Amino acid sequence: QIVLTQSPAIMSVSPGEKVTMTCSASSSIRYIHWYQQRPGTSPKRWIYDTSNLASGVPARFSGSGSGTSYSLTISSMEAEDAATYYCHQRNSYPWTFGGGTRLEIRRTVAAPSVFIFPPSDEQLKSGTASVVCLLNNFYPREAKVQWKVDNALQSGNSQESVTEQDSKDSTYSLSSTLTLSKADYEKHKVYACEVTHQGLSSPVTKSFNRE
Amino acid sequence: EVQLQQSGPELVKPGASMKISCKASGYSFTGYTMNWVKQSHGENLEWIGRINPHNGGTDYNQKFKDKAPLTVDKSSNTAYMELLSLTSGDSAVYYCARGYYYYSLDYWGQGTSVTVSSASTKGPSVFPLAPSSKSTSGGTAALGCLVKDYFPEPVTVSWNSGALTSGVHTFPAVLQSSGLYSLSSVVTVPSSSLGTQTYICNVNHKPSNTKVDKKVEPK
């Protein structure tokens, strides 16, 4: 029943910056514990007993707190710190966790490289055609892909997905898949992918003709 | 090193029961308690409970006491969690966490993804994303693989049996209007190596035991 609130739900931070996230409990506890998780992977113990660094945790991390108010601080943010941080208390049954605090590292604006893929011959025998537009390595996250078949703007016809923020170059990448039946795919010719991004002066368009 | 190995992904029917295993190695099994944590996209992390392998004593989040029986087998350093009368709210990722009886959790298992659905499993189709010159942008080319119409999550995608890693982007799955999943993996590669080096994407959808290695060559 002990609820743990973490004040900055999501927060963007610049490299080298000092950032502190908080964890406030609904009642007094004796020790807070911290766990770091990167998307897809399992949580790793980061700080136990409110202030003790777990083995392997870099010295730039530190934790403080008392009774109900607790905090985690990284001295100078790095790229490999972009992750989600959960606070945890085992003071009273049931043991509970916090809502999590996610940190994304700030980067210079970067424009995407735009590739386009025609449907494979193997999928065209299946009866359906999927064209895939690839936006590679861009920042910030906001990006507008828009499909156009014979310069006709498609709508409700495609789905996109975005990678988690890289920790090498900290850029995002996006894959947008436009799907049509083999009948409609051969009914038209020019398939285009129009991209709009902060780092682009003009909207860029990659395309191809069927054949 | 401490290692907690959990059983593989599961597709399970509503109202049925199922069991997750967690095999521990690298430490004395009886000296630490085994904990279980649920992570769903509706409640995030929840402590289910723990078991003491020495005497089989358990401590429960009262929300899960009648739901998640906890058992152990000292013979094989293995802990079990059962899930009875499964509903859609039990669809989540489940972790086992080692923990000394008086300390907090330190080591976590890799996680077991459980999907509760009346639908039958479906393996993906793997299609190539061939590198053209519409896929080249200054001496570098992009190729990939499209794995489509599978259920349920997850799938593992590797390139050249784990050799190719840099430049690889495995996008998160998207839920199609058919109710099936689709994702794409892509690699950025020097186009100097397209005519010479060969690129294989390796796909493994365990719930349906679909194993497909496909070669993506240009044209």
# chains A, B, ... in the order shown; residues from 1 in each chain; ligands from 1

$ closest_atom_pairs --of "chain B" --to "chain A" --cutoff "6 Å" --atoms "only C-alpha atoms" --output "CSV"
residue,atom,partner,partner_atom,distance
B:47,CA,A:95,CA,5.8
B:61,CA,A:94,CA,5.0
B:106,CA,A:45,CA,5.3
B:110,CA,A:42,CA,5.8
B:135,CA,A:115,CA,5.0
B:171,CA,A:163,CA,5.5

$ write_last_selection --atoms "N, CA, C and O atoms" --output "PDB file, in the first residue's frame"
ATOM      1  N   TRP B  47       5.649  -6.274  -7.318  1.00  0.00           N
ATOM      2  CA  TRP B  47       6.216  -7.403  -6.589  1.00  0.00           C
ATOM      3  C   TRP B  47       5.123  -8.435  -6.337  1.00  0.00           C
ATOM      4  O   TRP B  47       4.105  -8.129  -5.707  1.00  0.00           O
ATOM      5  N   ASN B  61       2.447 -10.634  -1.920  1.00  0.00           N
ATOM      6  CA  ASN B  61       1.529  -9.546  -2.215  1.00  0.00           C
ATOM      7  C   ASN B  61       0.118 -10.118  -2.249  1.00  0.00           C
ATOM      8  O   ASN B  61      -0.193 -10.960  -3.097  1.00  0.00           O
ATOM      9  N   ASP B 106      18.850  -8.103  -5.996  1.00  0.00           N
ATOM     10  CA  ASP B 106      20.085  -7.734  -6.682  1.00  0.00           C
ATOM     11  C   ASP B 106      20.108  -8.199  -8.133  1.00  0.00           C
ATOM     12  O   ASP B 106      20.285  -7.371  -9.035  1.00  0.00           O
ATOM     13  N   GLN B 110      16.224 -13.037 -17.143  1.00  0.00           N
ATOM     14  CA  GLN B 110      16.075 -12.345 -18.423  1.00  0.00           C
ATOM     15  C   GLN B 110      14.631 -11.949 -18.710  1.00  0.00           C
ATOM     16  O   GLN B 110      14.401 -11.089 -19.564  1.00  0.00           O
ATOM     17  N   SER B 135      18.521   2.690 -52.021  1.00  0.00           N
ATOM     18  CA  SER B 135      18.961   2.343 -50.677  1.00  0.00           C
ATOM     19  C   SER B 135      20.403   2.764 -50.407  1.00  0.00           C
ATOM     20  O   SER B 135      20.958   2.393 -49.367  1.00  0.00           O
ATOM     21  N   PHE B 171      13.586  -2.751 -35.251  1.00  0.00           N
ATOM     22  CA  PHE B 171      12.510  -1.868 -34.831  1.00  0.00           C
ATOM     23  C   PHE B 171      11.498  -2.606 -33.957  1.00  0.00           C
ATOM     24  O   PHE B 171      11.307  -3.818 -34.101  1.00  0.00           O
TER      25      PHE B 171
END

$ select_by_dssp --residues "segment 52-167 of chain A" --states "helix (DSSP H, G or I)" --output "list in words"
residues 79, 80, 81, 121, 122, 123, 124, 125 and 126 of chain A

$ residues_around --residues "residue 81 of chain B" --least-positions-apart "6" --cutoff "6 Å" --atoms "only C-alpha atoms" --output "VMD selection string"
chain B and resid 19 to 20 69 to 70

$ write_last_selection --atoms "N, CA, C and O atoms" --output "compact mmCIF listing (two decimals), in the first residue's frame"
# COMPACT_ATOMS: atom_id res chain seq x y z
N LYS B 19 3.18 -22.41 -16.01
CA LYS B 19 4.26 -22.41 -15.05
C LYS B 19 5.49 -21.79 -15.69
O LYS B 19 5.81 -22.08 -16.85
N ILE B 20 6.15 -20.89 -14.95
CA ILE B 20 7.45 -20.35 -15.34
C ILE B 20 8.50 -20.99 -14.46
O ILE B 20 8.27 -21.21 -13.26
N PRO B 69 1.00 -19.47 -7.21
CA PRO B 69 1.71 -20.40 -6.32
C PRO B 69 3.20 -20.41 -6.63
O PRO B 69 3.61 -20.37 -7.80
N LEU B 70 4.01 -20.48 -5.58
CA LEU B 70 5.46 -20.48 -5.68
C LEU B 70 6.01 -21.77 -5.10
O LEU B 70 5.67 -22.14 -3.97

$ closest_residue --among "A:37, A:70, A:146, A:139" --to "residue 23 of chain A" --atoms "only C-alpha atoms"
A:70

$ atom_distance --atom1 "atom CA of residue 155 of chain A" --atom2 "atom CA of residue 138 of chain A"
24.0 Å

$ residues_around --residues "segment 71-76 of chain B" --least-positions-apart "5" --cutoff "10 Å" --atoms "only C-alpha atoms" --output "list in words"
residues 21, 22, 23, 24, 25, 29, 30, 34, 50, 51, 52, 53, 54, 55, 56, 57, 58, 81 and 82 of chain B

$ write_last_selection --atoms "N, CA and C atoms" --output "PDB file, in the first residue's frame"
ATOM      1  N   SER B  21       9.655 -21.300 -15.040  1.00  0.00           N
ATOM      2  CA  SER B  21      10.791 -21.806 -14.291  1.00  0.00           C
ATOM      3  C   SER B  21      11.908 -20.771 -14.295  1.00  0.00           C
ATOM      4  N   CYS B  22      12.745 -20.830 -13.260  1.00  0.00           N
ATOM      5  CA  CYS B  22      13.896 -19.943 -13.107  1.00  0.00           C
ATOM      6  C   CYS B  22      15.043 -20.788 -12.565  1.00  0.00           C
ATOM      7  N   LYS B  23      16.050 -21.045 -13.401  1.00  0.00           N
ATOM      8  CA  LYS B  23      17.185 -21.882 -13.021  1.00  0.00           C
ATOM      9  C   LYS B  23      18.353 -21.001 -12.590  1.00  0.00           C
ATOM     10  N   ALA B  24      18.795 -21.167 -11.350  1.00  0.00           N
ATOM     11  CA  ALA B  24      19.869 -20.360 -10.794  1.00  0.00           C
ATOM     12  C   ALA B  24      21.184 -21.129 -10.792  1.00  0.00           C
ATOM     13  N   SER B  25      22.273 -20.397 -11.018  1.00  0.00           N
ATOM     14  CA  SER B  25      23.612 -20.962 -10.943  1.00  0.00           C
ATOM     15  C   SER B  25      24.595 -19.843 -10.636  1.00  0.00           C
ATOM     16  N   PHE B  29      22.136 -22.029  -3.798  1.00  0.00           N
ATOM     17  CA  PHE B  29      20.718 -21.771  -4.044  1.00  0.00           C
ATOM     18  C   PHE B  29      19.940 -21.528  -2.753  1.00  0.00           C
ATOM     19  N   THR B  30      20.289 -22.225  -1.671  1.00  0.00           N
ATOM     20  CA  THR B  30      19.514 -22.147  -0.436  1.00  0.00           C
ATOM     21  C   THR B  30      19.801 -20.896   0.385  1.00  0.00           C
ATOM     22  N   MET B  34      14.048 -16.324  -3.564  1.00  0.00           N
ATOM     23  CA  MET B  34      13.707 -16.057  -4.952  1.00  0.00           C
ATOM     24  C   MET B  34      12.430 -15.230  -4.978  1.00  0.00           C
ATOM     25  N   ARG B  50       7.746 -13.855  -2.746  1.00  0.00           N
ATOM     26  CA  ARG B  50       9.034 -14.527  -2.657  1.00  0.00           C
ATOM     27  C   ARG B  50       8.871 -15.870  -1.962  1.00  0.00           C
ATOM     28  N   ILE B  51       9.874 -16.728  -2.151  1.00  0.00           N
ATOM     29  CA  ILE B  51       9.918 -18.053  -1.545  1.00  0.00           C
ATOM     30  C   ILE B  51      11.321 -18.286  -1.000  1.00  0.00           C
ATOM     31  N   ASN B  52      11.398 -18.918   0.171  1.00  0.00           N
ATOM     32  CA  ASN B  52      12.677 -19.273   0.765  1.00  0.00           C
ATOM     33  C   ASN B  52      13.003 -20.716   0.394  1.00  0.00           C
ATOM     34  N   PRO B  53      13.989 -20.962  -0.468  1.00  0.00           N
ATOM     35  CA  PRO B  53      14.248 -22.342  -0.921  1.00  0.00           C
ATOM     36  C   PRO B  53      14.619 -23.298   0.193  1.00  0.00           C
ATOM     37  N   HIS B  54      15.045 -22.793   1.350  1.00  0.00           N
ATOM     38  CA  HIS B  54      15.460 -23.673   2.434  1.00  0.00           C
ATOM     39  C   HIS B  54      14.269 -24.420   3.021  1.00  0.00           C
ATOM     40  N   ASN B  55      13.188 -23.701   3.319  1.00  0.00           N
ATOM     41  CA  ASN B  55      12.017 -24.290   3.954  1.00  0.00           C
ATOM     42  C   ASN B  55      10.743 -24.160   3.131  1.00  0.00           C
ATOM     43  N   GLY B  56      10.806 -23.569   1.944  1.00  0.00           N
ATOM     44  CA  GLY B  56       9.607 -23.363   1.163  1.00  0.00           C
ATOM     45  C   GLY B  56       8.649 -22.325   1.703  1.00  0.00           C
ATOM     46  N   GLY B  57       9.057 -21.530   2.692  1.00  0.00           N
ATOM     47  CA  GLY B  57       8.185 -20.478   3.194  1.00  0.00           C
ATOM     48  C   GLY B  57       8.063 -19.340   2.192  1.00  0.00           C
ATOM     49  N   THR B  58       6.874 -18.744   2.131  1.00  0.00           N
ATOM     50  CA  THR B  58       6.580 -17.726   1.135  1.00  0.00           C
ATOM     51  C   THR B  58       6.047 -16.454   1.784  1.00  0.00           C
ATOM     52  N   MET B  81       6.976 -20.530 -10.675  1.00  0.00           N
ATOM     53  CA  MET B  81       5.792 -19.719 -10.432  1.00  0.00           C
ATOM     54  C   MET B  81       4.679 -20.224 -11.334  1.00  0.00           C
ATOM     55  N   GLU B  82       3.544 -20.568 -10.735  1.00  0.00           N
ATOM     56  CA  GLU B  82       2.355 -20.947 -11.482  1.00  0.00           C
ATOM     57  C   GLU B  82       1.415 -19.756 -11.599  1.00  0.00           C
TER      58      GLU B  82
END

$ closest_residue --among "B:145, B:37, B:4, B:11" --to "residue 78 of chain B" --atoms "only C-alpha atoms"
B:4

$ closest_residue --among "A:128, A:22, A:14, A:64" --to "residue 149 of chain B" --atoms "only C-alpha atoms"
A:128

$ atom_distance --atom1 "atom CA of residue 3 of chain B" --atom2 "atom CA of residue 39 of chain A"
20.0 Å

$ select_by_dssp --residues "segment 73-184 of chain B" --states "strand (DSSP E)" --output "PDB file with C-alpha atoms, in the first residue's frame"
ATOM      1  CA  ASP B  73      13.262 -27.802  -6.428  1.00  0.00           C
ATOM      2  CA  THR B  78      15.066 -24.137  -9.911  1.00  0.00           C
ATOM      3  CA  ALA B  79      12.159 -22.021  -8.686  1.00  0.00           C
ATOM      4  CA  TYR B  80       8.674 -22.158 -10.177  1.00  0.00           C
ATOM      5  CA  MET B  81       5.792 -19.719 -10.432  1.00  0.00           C
ATOM      6  CA  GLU B  82       2.355 -20.947 -11.482  1.00  0.00           C
ATOM      7  CA  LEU B  83      -0.411 -18.726 -12.851  1.00  0.00           C
ATOM      8  CA  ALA B  92       2.937  -9.216 -19.028  1.00  0.00           C
ATOM      9  CA  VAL B  93       6.646  -9.892 -18.664  1.00  0.00           C
ATOM     10  CA  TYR B  94       7.494 -11.874 -15.517  1.00  0.00           C
ATOM     11  CA  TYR B  95      10.904 -11.792 -13.812  1.00  0.00           C
ATOM     12  CA  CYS B  96      12.561 -13.887 -11.147  1.00  0.00           C
ATOM     13  CA  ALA B  97      14.791 -11.898  -8.787  1.00  0.00           C
ATOM     14  CA  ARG B  98      17.326 -13.328  -6.369  1.00  0.00           C
ATOM     15  CA  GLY B  99      17.368 -11.655  -2.974  1.00  0.00           C
ATOM     16  CA  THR B 112       9.432 -14.418 -19.544  1.00  0.00           C
ATOM     17  CA  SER B 113       6.833 -12.856 -21.851  1.00  0.00           C
ATOM     18  CA  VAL B 114       3.337 -14.348 -21.413  1.00  0.00           C
ATOM     19  CA  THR B 115       0.391 -13.580 -23.725  1.00  0.00           C
ATOM     20  CA  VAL B 116      -3.126 -14.698 -22.739  1.00  0.00           C
ATOM     21  CA  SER B 125       6.862 -14.650 -43.063  1.00  0.00           C
ATOM     22  CA  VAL B 126      10.380 -13.274 -43.586  1.00  0.00           C
ATOM     23  CA  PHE B 127      10.815 -11.012 -46.619  1.00  0.00           C
ATOM     24  CA  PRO B 128      14.029  -9.346 -47.831  1.00  0.00           C
ATOM     25  CA  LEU B 129      14.590  -5.596 -47.939  1.00  0.00           C
ATOM     26  CA  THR B 140      26.716   3.368 -47.746  1.00  0.00           C
ATOM     27  CA  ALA B 141      23.773   1.075 -48.484  1.00  0.00           C
ATOM     28  CA  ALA B 142      20.824  -0.085 -46.381  1.00  0.00           C
ATOM     29  CA  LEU B 143      19.369  -3.600 -46.378  1.00  0.00           C
ATOM     30  CA  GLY B 144      17.114  -5.474 -44.017  1.00  0.00           C
ATOM     31  CA  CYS B 145      14.415  -8.035 -43.322  1.00  0.00           C
ATOM     32  CA  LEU B 146      10.641  -7.703 -42.920  1.00  0.00           C
ATOM     33  CA  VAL B 147       9.088 -10.283 -40.567  1.00  0.00           C
ATOM     34  CA  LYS B 148       5.335 -10.066 -40.830  1.00  0.00           C
ATOM     35  CA  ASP B 149       2.045 -11.484 -39.538  1.00  0.00           C
ATOM     36  CA  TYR B 150       3.168 -13.316 -36.409  1.00  0.00           C
ATOM     37  CA  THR B 156      14.491 -12.785 -32.088  1.00  0.00           C
ATOM     38  CA  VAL B 157      16.272 -11.303 -35.111  1.00  0.00           C
ATOM     39  CA  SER B 158      20.025 -11.618 -35.661  1.00  0.00           C
ATOM     40  CA  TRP B 159      22.260 -10.933 -38.663  1.00  0.00           C
ATOM     41  CA  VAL B 168      21.790  -3.037 -37.084  1.00  0.00           C
ATOM     42  CA  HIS B 169      18.426  -1.522 -36.139  1.00  0.00           C
ATOM     43  CA  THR B 170      15.693  -3.938 -35.012  1.00  0.00           C
ATOM     44  CA  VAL B 174       3.759  -2.847 -34.617  1.00  0.00           C
ATOM     45  CA  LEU B 175       0.255  -4.248 -34.127  1.00  0.00           C
ATOM     46  CA  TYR B 181       2.458  -8.313 -35.335  1.00  0.00           C
ATOM     47  CA  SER B 182       4.956  -6.959 -37.850  1.00  0.00           C
ATOM     48  CA  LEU B 183       8.480  -5.601 -37.474  1.00  0.00           C
ATOM     49  CA  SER B 184      11.546  -4.862 -39.572  1.00  0.00           C
TER      50      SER B 184
END

$ residues_around --residues "residue 145 of chain A" --least-positions-apart "6" --cutoff "8 Å" --atoms "only C-alpha atoms" --output "JSON, numbers by chain"
{"A": [176, 193, 194, 195, 196]}

$ write_last_selection --atoms "C-alpha atoms" --output "short mmCIF file (atom, residue, chain, number, x, y, z; two decimals), in the first residue's frame"
data_model
loop_
_atom_site.label_atom_id
_atom_site.label_comp_id
_atom_site.auth_asym_id
_atom_site.auth_seq_id
_atom_site.Cartn_x
_atom_site.Cartn_y
_atom_site.Cartn_z
CA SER A 176 7.21 3.16 -41.92
CA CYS A 193 7.88 8.70 -49.12
CA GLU A 194 7.80 12.34 -47.97
CA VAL A 195 9.76 13.24 -44.83
CA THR A 196 9.52 16.34 -42.63
#

$ closest_residue --among "A:129, A:56, A:180, A:190" --to "residue 152 of chain A" --atoms "only C-alpha atoms"
A:190

$ atom_distance --atom1 "atom CA of residue 60 of chain A" --atom2 "atom CA of residue 74 of chain A"
5.6 Å
